[PDB]
Every structure is written in C-alpha cells, then in structure tokens.
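Let me begin by presenting the structure, written as structure tokens, before commenting on it.
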Amino acid sequence: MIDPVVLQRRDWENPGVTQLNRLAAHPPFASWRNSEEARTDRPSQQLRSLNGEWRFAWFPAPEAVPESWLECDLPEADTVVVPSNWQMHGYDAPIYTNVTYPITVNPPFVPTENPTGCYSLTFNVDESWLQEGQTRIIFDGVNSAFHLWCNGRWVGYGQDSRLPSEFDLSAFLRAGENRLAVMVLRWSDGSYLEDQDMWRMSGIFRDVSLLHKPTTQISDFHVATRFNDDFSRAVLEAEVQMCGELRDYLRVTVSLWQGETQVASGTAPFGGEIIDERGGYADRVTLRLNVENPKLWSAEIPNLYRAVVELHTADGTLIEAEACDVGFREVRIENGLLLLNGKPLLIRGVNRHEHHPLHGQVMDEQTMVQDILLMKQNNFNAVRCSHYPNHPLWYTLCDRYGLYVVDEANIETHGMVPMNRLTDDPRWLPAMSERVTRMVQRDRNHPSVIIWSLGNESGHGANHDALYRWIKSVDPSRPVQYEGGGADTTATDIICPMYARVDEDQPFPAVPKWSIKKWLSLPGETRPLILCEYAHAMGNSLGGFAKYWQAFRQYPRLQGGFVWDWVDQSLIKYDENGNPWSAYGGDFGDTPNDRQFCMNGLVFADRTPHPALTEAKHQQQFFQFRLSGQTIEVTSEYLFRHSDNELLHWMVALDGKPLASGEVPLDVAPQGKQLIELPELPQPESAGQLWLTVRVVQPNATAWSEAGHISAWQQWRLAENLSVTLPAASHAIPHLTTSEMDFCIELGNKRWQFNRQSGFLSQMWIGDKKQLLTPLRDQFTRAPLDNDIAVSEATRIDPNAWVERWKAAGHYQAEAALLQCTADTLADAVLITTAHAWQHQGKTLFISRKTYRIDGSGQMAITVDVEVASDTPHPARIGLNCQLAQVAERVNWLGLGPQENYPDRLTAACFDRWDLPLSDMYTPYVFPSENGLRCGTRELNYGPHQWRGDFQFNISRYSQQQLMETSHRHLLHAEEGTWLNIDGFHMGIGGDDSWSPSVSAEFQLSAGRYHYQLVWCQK
Amino acid sequence: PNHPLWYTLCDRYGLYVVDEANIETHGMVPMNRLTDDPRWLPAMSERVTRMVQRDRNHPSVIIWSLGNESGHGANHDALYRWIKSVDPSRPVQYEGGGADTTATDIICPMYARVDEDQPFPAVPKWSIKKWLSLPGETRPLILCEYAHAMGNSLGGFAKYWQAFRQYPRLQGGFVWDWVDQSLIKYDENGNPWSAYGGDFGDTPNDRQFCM
Ligand SMILES: *[C@@H]1C[C@@H](O)[C@@H](O)[C@@H](CO)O1
Ligand SMILES: [Mg+2]
Ligand SMILES: [Mg+2]
Ligand code: NA
Ligand code: NA
Ligand code: NA
Ligand code: NA
Ligand code: NA
Ligand code: NA
C-alpha cells in the first residue's frame, strides 16, 4: 500500500494542515514572453493545458491504494476525461443533502471508508522548459483534498475544493515522458467547511495546467483605481512584486491600453518607499499612471482597459509580461448607500451555483456564456458566487459582459450545532483564513468583483471578525459582507439577510429576520440592506416578487437582493430505454437525502426558463412607466447610460383586437424622464375594454442580446364601454326530460344530463358525441406546490405548512353530500338548482350552491355561491373541474398570458388574445404540482367548447390527483381526454421562503363567502 | 507571555500588567515582511489567541499587546479585531509600524521624546505632547518603552514625569528596562564576573546592549 509518511500522518484529518509545499496564491498568470501577445490576451506558449484523457481508478479508502500505482499505471484503471467529478462517470453516488453533513459530525475526523480517486497522467515536457526557469503545475479545483506525486516522488498536499493549488515541479520533471499521480480524497477536515446546500461530489473538476515562469519573475501585482470628486480624473496604481535575485538593471513598465491606443505608461526600478525602521520592500515597486477622463466600468457599460505589466532590463530586454483587464470604477458605502461611481446601485441579482446536469460541477465556457446572456436578457445585473470562489473564467466573462459580482469564500459550516461552533474556535482560524485570503489574492484585480463575502451559513464567530478586518486592511476598495449570526453583525458592511420579508417580521430568537423596511431604521442602524438570498424560486414559486421590487424602489437604502437561485440542481439519469430524465436527492441511492430541495432555480438544469423568470425580468425592468390621459411618462433607472438602443412600441387593443399601434424612439438620460404624447385614438366600434400595451424594443444587437430584444413592458386599461345590448331573443326552448335518476335537457343537437343522486352534470352531448369522461364537480384543493409542502430538510415537518393544515382538516378527503337537486321550466329556459355540503368526520368544511340556466340559444349559465367555514384552513382554490373527452391541439383564451401566472405572480403577464399548443399549458416542474394556471381570463376556447366569465383556469392531460401522487415529471402519463380546472378564486403560491407558510394574507382565500359565474356554450 | 506564577503574584501584590504575545520579527527587512504575509497569519494567531485563552481571567492583566517590533502588517489588524471581539474588557495595544496604527487603542511609542520631534520617514517619533494633538488624534499616550536605562543613564527622567503630570492624555510609560541581562562567568580562580554579548564566543553579537 502507498505509504509511509502519507498514510501515517493522515493530513486529511487535521485542520492545522491544509497544504504541504503549495505555492503562494496570486492573480491569473500566463507568463507571456512577448508584450504584444500579453496585450491582445492571445494564448501563451508558457501556459499549457493538461486537460483531456487521464487514467483513473477508484478505491474505498486511501489504505486500499497499491504502492505500485506511484511508479506505474494500474491495469485495472480506466481512461477518463479530466476535469470531471467521478460520480458523473458512475464510480460512486453523488449525495444530495442540505444542512446535515454527509458524514458523521466528529471534527476533524472523516469516515475510515473514504472514497479515493487515483488519477494519473503520462505527459511530455520539452527540454527547453527544464534548462531554465520554473515549471509549476496548477490544479484549479480538486474536491476535497489530494496528495500529489511526480515520477514516483511525493510533491505536496492541498485542501479547499474551490481555489487553485500550485506546486513547483522543476526538480521533479525530466525531459520526455513524465507521470503525475494524484490521490484525491472525497472526505477531509476541509469537508467541515464545505457544507453547502448542493450535490456532494469529488474529483479533479477544474482545469489542470503547466506554467513556465523565468527564475526572475513577477510573483504578484495589484491594480487600484482612484478618482477625483466627479470621476474626470483617475490614478491607476499598480503594485508589482518580484522573486529572484534583485538587480539594479531591473525595471517594471506598466502600460495602459484602450484598444490599440496606449493611453498611459510608467517605468521604474524596484525598491518601494520606506515603510518602517528596517526600510522598505526592495523586491516591490508601485507605478502610478494618470488617466484623464477615464471610461468607467459598470454592468451598464462594461468599459475595459488592458494593463500590461512588463518585467525587463533597463536597456530593453523583456523577461516576462503579465496582464489583466482593468475596469475603472469606485465602490464605496457613503451615508448608508452602496455607491458605484458615485451613484446608488440597485442590485438585480441572483445566486448561481456551478452546476451542469450532465457534467456535475465541472464548468465550461459555453454554459457560462449561456448563463450570462440569459441573466442579462432577463434584466439581472449581479451575481453572487454561492458559496465558493468560481472557475477563473467566470470573472473574466463578468468583467467583459458586465455583471456585478459578490466573490464568496468557500466556507460553510451549516450542519454544526450551534452553527458557529467551528467559526468561533481559534483552532479553525488557520483553515478559514486561507479560504478568505487566497480568494482575495486571486481575484482582487477583477473589476466585476465589487463585494467580498466571508462565506455562507456558518453562524457568526470571532474568526469572521478577524477575517473581516483582514480584508478591510488589505483591500479598502470593496465592501465586505456576511449573513451569518443575524445578517447585521460586526462582520458585515451590508445588512444582508436571507428570506427577510418585505412587511412581515419573523422574530426568531437570536437571529430574527425583520421586515426589511423595519430593519433599516432600527435604533442606531445606518447600513444599506441587500438580501443575499430572497424569493426562493422552488418549483411553482416567486409569488410576492413584485412586493420586493416596490419596496426596493421606494426605499433608498433597500438596494436589492440576490434571488435564490439561478438553476435547478437536477442531474440526468437514464431509464431502461436509454431515455434521459431529471433526477434529484435520493435518486442515486444517496441516503440520507433532502429530495427535491436542490431544485430552486429560475431555470431548468438545461437552462430552459421556468415561468417565474418572466416575472423576474418584468419587475427588474430598467424603465418605469406612468400614464396620465394619453401621455406616457418613461423614467430611466439606468445610472450611467442614455437609452441609445431603445424604442417604445405601443399598441391599443379592444378585447384582443388591435385598434391602433405605433412607435417612438426613447431618448432618456440616466435617471431622467421622457413624456410621450400618444396620437388621438379611434373610437371603438364594439363594446368592451380598451387596453394599452407598451414595450421597449432594442433595435440593435449587443454582445448579450439579438436585434429586436424586448427589455421592458407595461399595460393599462383605457376606456371601457360596458355592453348594454340584450342578446337576440331565441325562439327555441330546451326540453326537460325527467327520470328518478336524471334530469335531461335537450336543445337541437345539444344535450345535458344532471345526475339526481350526485347533483352534478354527468354528461353533455354535441351532435350525439359525449363530451365528458368525469362529471363537473367543485374542487377546493390543488396538487400541493413545493411552497405548500414547505420542507427544507426531509426529516422536518412544519405543522403550520399549508399542505399539513389542509390534510389534517380533511380537505383532500372531504366527500360531497347532496342537499338539494331540483329542476324548473321557465319561459325560455330550464333551471337546475343544486346544493352540496363537503364534510370531514362530522364537520362541514364548504357549502356549494349552484344554478344552471340553459336557454334557447344553447348557453348554460352556471352561478356558484360557496361558503367556507371560518375555522377551516383557507382553501387552495374555489372552482370546478371535469375531464373532457376531447383532446385538441390548441388552447385559445382572452386573459393574462401567454405564460403560467398566479394571483401573487401575474404582474409580468399581459391581457390579450393568446393561442398556444396544449403542451404549453402545462409547466414541466421536475417535482409535479398544480401548474399552468392563467388568471384574469374572460373567455376560454378548447375544441368545440367556450367558457366565459372572470376566472382562472388550467388545462392539461394530467389530473390534480396524478400530479399529487407523482414524484417525478418523467413518471407522468397523459390521461384519456383533457382535465380542465376552472377557478373563480385561487390562492397565491408564495415563496418568500419554501419551508414555512409564505402566502401573504391578501392572497389567501379568507372571505368566507365566494361568488363566481361561468357561461358554457359551443363555438 | 510570562511564567504562570507571575500573574498570580501581580494579582495578589497589585501590579497592572500588559500581557504581550510572543511575536517579534525585528530582523526582517522590512520589519513587517512576515506580519503582512497571510501565510504567517496562522503561526501568529496562535501566539495571540492561546495567550488570551490562558491569561484572560487574571485581574492584573489590564491591556493586551500584539507583540513587539514586527512592523505593522495586515495580520496585526486581524488579530487586533480578534481580541476586541473575544474580550471587550481590555484595550489592545501595539507599537509596530509607527505606534499609532489601526492595530492599537493606545499611542504607545518607544523613545519618543518629551519636546523634541524625531521625524523619521514613515515611522516618526513625535514629541509626545505634539503627538496627542495631531489632527484627528484622540487616543491616550503611554510609552511602551522610554528612558533607556543603559549604564549611566536616566538623564531627563524628570522631564517625562513633569509632562505626564501636566497632560491628562499623557498617561505614563514603561521604562526600558528592569534588570541587566548580564550572565555569570567564572575566572581561572573560580571567581564570578558579569558577562555580556560576545563573552561566550558568540558571534556576531551586540556586546553590552543587553544591559
Ligand atoms: C440559503 C443558502 C443556500 O445555499 C440554500 O440552502 C438556500 C435555500 O435553498 O438558502
Ligand atoms: Mg487537513
Ligand atoms: Mg446551507
Ligand atoms: Na432602493
Ligand atoms: Na436548496
Ligand atoms: Na433610442
Ligand atoms: Na407531486
Ligand atoms: Na497625565
Ligand atoms: Na537592549
């Protein structure tokens, strides 16, 4: 077995040892030996990728690894791609757990059965690399700890899954063929700081590379940009550090480029200013470059310069060059406001994990770019790196596309009891400090990073305070935030709670979540408030999103938040027929697990939007609208840019029929206003409601959007002319036929049947074709949403959860008892009158009283009046349902759409005539629930049927019962015909969080008495 | 940190104590080379945290010190905040990097003179009366070392005390120092004599500067 010191020391069970022989952290290097190549950011011959086909063998523990593996390839090993997580190749199971550690909590110890990945690579090194200078290896991401060997000799050890580990291999390599051996441990003492709510995987999951640096080398460099009061003048200050022999002829030149133009330059020998009694840094120099009228960086306009750092002899010999993109911007908190370039930010943010449904936690350029384009297209301007430093390319892309970044240390100890057990313990300070300090050393030159975060969900400990102060000391250019221990501790510049509600206090002992409006004004409080997590987007969610944005806009110091979160953490599995399906917690034999709680995204794992995404896009719009008469007032919420790629399209329609349209160019200054006078509108021919819709279209393509991109919209009701004309009097009269079992009504080809034992319409005919597969009955329940269920930890139930209260009240079990069923014959109609009581174990929950009026024109008017017992939990819905025999291709409606919308999530929807394929009327949430509702609907058309009134509906091939009984979307089967759920009223979906009741009072069905009417006819 | 009995004796006899972390990197160039280096933060933190954990219940300890002559690095700032957080009962002081940095609650220079400025670059030793009223300065001033008692010395001692008594915010200081670091050697006849640097074959050495 591999030995002796390595297995003896057990460095992976010691928080005092987080590395051996690891090189110092630093900003991204490429060691260009040509300055023009550095400037253009073209590939460097001194930076080689070792990604591709490696050899891999799996072992149950490090003790099981054979000693021979160190010297030569194992025959039993396989050839696999690197980077990769070994769970994704099927070597063992990924584990989904939220809070509870995937291992027994016994710090610093891990299980003796410790899955061990043995990676190896035979590769070539050219003689030229070994004759001179330094050859290092860089592992961007290894999860969670590893020992490294080169050509059979031990090199070093590393921890922290989310930052690069670098080792000098100069003395280990030979010309020609070389062999790396990497023993990766799944569990280590590092795991105690990696308890993020996500899939627990392992392996070499980020890039591996070889870097060649000269012996005399740039070892570090920091770029700062400071400004005068109006940002018309800047000073770029670049501190550069060298390693190697100090020499008088050595120089650094820092040159600043705007495209092909060099805007500034400075050259100096080494030797910093005196700093104390012993002198200064002889191995450092600081260059100061004056920049007049700098082009400022923001998410709105991501202006970048190129800084080239040249290490050279005085007489002109370049030793090496390094470089970075530079964004001129100031981030500061002043008078309680987070300012960027002097202006208060409004953070339209989202948390984003590094997740791919096929490749797990391995990130690629295409996916990153896809994510960024989708975020910006949906009006996000900010991302939180939940909850670890990201793949290095992410920051480069955020610099270039323009997104504000919160860079977050890889520290989460959520499963500890209490949460701060390790973070208050000075014995864990060393391991914690490296996760903070090495992040700052790596990422401090990226303009996109505007805020540092100390980690996530690790309570508040003294270690947090120490590292807070370390950051403030080494980098005063960026605020520091941290949510743990109450979101407003001494370790944060920003009040940054998770799931604090807008108006409602949640006064938990020790760590209350105050109403965000209340929080700001607590005695002595002065800081800005930006939620690190809010609007939990789990399944059918984002109810109440508009309430946050209204408050964000009204309150200066409420400066936004980061939605939780971007993308469902579902993984692809394959069934017996090789068909892909989306899996969640427990689907890999992983146990214990927290099931679907890993799926909280605005988008599906494949980046298909959830309906909630449009709600986010709309509330995060950068243009605000008001209407007065026929004048539209457009207000810009851009801070820096003019509206130079925007036109306003307007449209007036009468119940879906276009009356007039037109367009006006937008010419709005940042924070400015523009008045748009609409032309005189034509008088409507018919009766009904006029609707004005405006939309902001971007005529030109950008780096992040296509030509014609819609960025903003708004609707208003204009004039309404109420119909005062009586329908044409029909000559025909429907006939009533009575039996003991049934009332049958006939009118031409049309027939209705009411069952006298049940009291419901049991059948209808058009021609002599039956229309119903299941009778039309009241429905007071929905297939529970993730929010209704309100579970965040599989073993924990909130008795106050809506699903728990509905179940215990017997809402799902309640049986309809007939009280009345009579028939009457009027002058031109047959009138059926019914009353029902729903009861559970002697308690009447609901009473439904109806009339059905069928006239000579063939229309059936259903009037429904419902009583709900005041002491039963408010019902999910008050409506009717039936299974129609007809399966049609299209659904046509006049109401809110086109996408799924609910009462507390309908601001993004527009009133119009919508026409979709039936399949679009179902939302494929991975965990199935009530879905696909559209609200404020006045007319619905499906095949031969038309329903009219003022209702909410959903329509699909899946019953509420099936949705309720099915755990995974791939297990759903289309039922015979089409299930129609038509509601007079429907409860909000909530989502302020998904583990407690979160539906606001105004969206609960608490009125006790409810009235609605539907007219059912043939089209 | 001293032998544990020292604090017990200071508690019982009555002496105010500045308990100081075992951190001095005077010989580094510049002096803060290690203390501004995040890789040395772990080793440094233990010298501070384990001192606090040991001595925090002693009433005689009234002030914590982050060490001596190690310039001023970001590691001092972090450890300053660590103490402030874990023990709000005692001020934290530290002289390195100019005696009035963000890592000290007390302006605590060594060998700053009463009336005479010593305007060294980066780390000046202002007149103590002047130091107090520099623009924005509010802290008390207590010299961590003053009146260097080397051989025939302590000239001008009365000047310090006159100033300490006149100025409220001049709250005294700690003389350097208590006892000559001389060692006993024996001559050919076995008679004892007082030895200093260099007398043991030790080289390089700084001779009598230990006394
Ligand atoms: C905040 C922390 C994050 O990692 C998630 O656990 C989220 C709930 O899904 O809460
Ligand atoms: Mg360890
Ligand atoms: Mg967590
Ligand atoms: Na605001
Ligand atoms: Na989650
Ligand atoms: Na425009
Ligand atoms: Na379900
Ligand atoms: Na005094
Ligand atoms: Na001395």
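All of the numbers you see were taken from the coordinates with simple rules; none came from a lab. Quick reminder, even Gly has a Cβ in these numbers, built from the backbone with ideal geometry, and neighbours come from all protein chains shown.
For chain B, B:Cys10, B:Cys210 have no disulfide-compatible partner, since no other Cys C-beta lies under 4.7 Å from theirs. Summarising the amide proton neighbourhood of A:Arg278: residues at separation of 5 or more, or on other chains, whose placed amide H is nearer than 5 Å comprise B:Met31.
Taking amide H positions as modeled 1.01 Å from N, with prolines and chain starts lacking one, the residues under 5 Å from B:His72 and 5 or more places away or on another chain are B:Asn32, B:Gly97. For the stretch A:516-603, a crude dipole built from +1 on the beta carbon of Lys and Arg and -1 on the beta carbon of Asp and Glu, taken about the Cα centre, is about 840 debye to the nearest 20. For peptide B:37-48, the mean count of partner chain Cβ atoms within 10 Å of a residue's Cβ comes to 4.
A simple count of charges around B:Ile106, restricted to other residues whose Cβ falls under 15 Å of its Cβ and scoring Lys, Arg +1 and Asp, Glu -1, yields -3. Phi angles of the stretch A:652-661 translate, via the Karplus equation with coefficients 6.51, -1.76, 1.60 and θ = phi - 60°, into HN-Hα couplings of 10, 9, 10, 6, x, 8, x, 9, 7, 8 Hz per residue; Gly and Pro are given as x.
Our note on the geometry: Cα centres of the stretch A:314-329 and the stretch B:136-193, 51 Å apart.
Charges only on Cβ, +1 for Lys and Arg, -1 for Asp and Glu: so what's the dipole of the stretch A:740-856 about the Cα centre, in debye to the nearest 20?
Here the stretch A:740-856 has a charge dipole of around 20 debye.
Using the beta-carbon distance between A:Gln550 and A:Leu522 and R0 = 25 Å, what value does 1/(1 + (r/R0)^6) give for FRET efficiency, to the nearest 0.05? The value I calculate is 0.75.
Computed from backbone phi with θ = phi - 60° and the Karplus coefficients 6.51, -1.76 and 1.60, the 3J(HN,Hα) list for the stretch B:184-195 is 7, 10, 10, 6, 3, 7, x, 7, x, 9, 7, 9 Hz; x is used for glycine and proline. The length gained by stretching the chain between A:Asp798 and A:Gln45 to full extension, at 0.36 nm per residue less their Cα-Cα distance, is 265.2 nm. Loop-located GluC sites (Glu not before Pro) in the stretch A:857-922 (DSSP state not H, G, I, E or B) with no more than 15 neighbouring Cβ atoms inside 10 Å: A:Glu889. Each residue, A:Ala24 and A:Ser628, gets one label point 7 Å from its Cα in the Cβ direction; the gap between the two is 6.2 nm. For A:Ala583, the residues whose modelled amide H falls within less than 5 Å of its own, excluding neighbours fewer than 5 places apart on the same chain, are A:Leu571, A:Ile572, A:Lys573. Only one residue of A:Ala719, A:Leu169, A:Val263 has its Cα farthest out toward the positive end of the dipole of chain A, where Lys and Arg carry +1 and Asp and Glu -1 on Cβ, and that residue is A:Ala719. Which one of A:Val105, A:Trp765, A:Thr79 is farthest out on the positive end of the charge dipole of the protein assembly as shown, using unit charges on Cβ (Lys, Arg +1; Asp, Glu -1) and the Cα centre as origin? Positive-end residue among those listed: A:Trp765. Using a Gaussian network model on chain B with a 10 Å cutoff between Cα atoms, which of B:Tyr13, B:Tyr94, B:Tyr167 fluctuates the most? Among B:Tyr13, B:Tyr94, B:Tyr167, the largest GNM mean-square fluctuation belongs to B:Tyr13.
Based on Cα contacts under 8 Å between residues 6+ apart, chain A shows a relative contact order of 8 percent. Extending 7 Å from Cα along the Cβ direction at A:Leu726 and again at A:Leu74 yields two label points whose distance is 9.0 nm.
If you wrap a convex hull around the C-alpha atoms of the protein assembly as shown and split its volume per residue, what is the figure in Å³?
Value for the protein assembly as shown: 224 Å³ per residue.
What is the distance in Å between the Cα centres of the stretch B:60-128 and the stretch A:804-849? So the two Cα centres are separated by 81 Å.
Test of the criteria: in the stretch A:57-156, which chymotrypsin sites (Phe, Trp or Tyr not before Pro) are in a DSSP loop and have at most 16 other Cβ atoms within 10 angstrom of their Cβ? When the chymotrypsin sites (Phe, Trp or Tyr not before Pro) of the stretch A:57-156 are filtered for loop state and at most 16 Cβ neighbours within 10 Å, A:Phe109 remain. Peptide B:27-35 shows a mean partner chain C-beta count of 4 within 10 Å per residue C-beta.
The HN-Hα couplings worked out from phi for the stretch A:546-557 by the Karplus form 6.51 cos²θ - 1.76 cosθ + 1.60 (θ = phi - 60°) are 4, 4, 5, 5, 4, 5, 4, 6, 6, 9, x, 7 Hz, whole numbers, x standing for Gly and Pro. Taking the Cα centre of the stretch A:215-329 as reference, the dipole from Cβ charges on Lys and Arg (+1) and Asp and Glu (-1) amounts to some 200 debye.
Between A:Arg777 and A:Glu746, what's the calculated FRET efficiency when r is the beta-carbon distance and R0 is 22 Å? Round to 0.05.
FRET efficiency, A:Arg777 to A:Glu746: 0.45.
Stretching the chain fully between A:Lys295 and A:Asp920 yields a gain of 220.5 nm (0.36 nm per residue, less the alpha carbon separation). One decimal place: the segment A:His642-A:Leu971 gains 113.4 nm when fully extended, by the rule 0.36 nm per residue minus the C-alpha distance. Near A:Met1: Cβ cut-off under 13 Å, other residues only, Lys/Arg at +1 and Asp/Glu at -1. The net charge is -3.
Residues A:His709, A:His986, ranked from the fewest to the most other C-beta atoms within 10 Å, line up as A:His709, A:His986.
Once the C-beta distance of A:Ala64 and A:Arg174 is scaled by a Förster radius of 30 Å, the resulting FRET efficiency is 0.50 to the nearest 0.05.
Among the GluC sites (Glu not before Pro) in the stretch A:721-807, those located in a DSSP loop and surrounded by at most 11 other Cβ atoms within 10 Å of their own Cβ are A:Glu740. Excluding A:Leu185 itself, what net charge comes from residues whose Cβ is under 14 Å from its Cβ, given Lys and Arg +1 and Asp and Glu -1? For residues surrounding A:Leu185, the net value is -4.
Report summary: the helix-based calculation at 222 nm, which adds -39500 (n - 2.57) for every DSSP H run with n ≥ 4 and divides by the residues of the protein assembly as shown, gives -3500 deg cm²/dmol.
Considering all alpha-carbon pairs of the stretch A:220-311, what whole percent are spaced by more than 21 angstrom? Here the tail beyond 21 Å accounts for 38 percent of pairs. Counts of other chain beta carbons within 10 angstrom of each beta carbon in peptide B:84-96 average 2. In terms of surrounding Cβ atoms within a 10 Å radius of their Cβ, B:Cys210, A:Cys1017 rank from fewest to most as B:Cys210, A:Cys1017.
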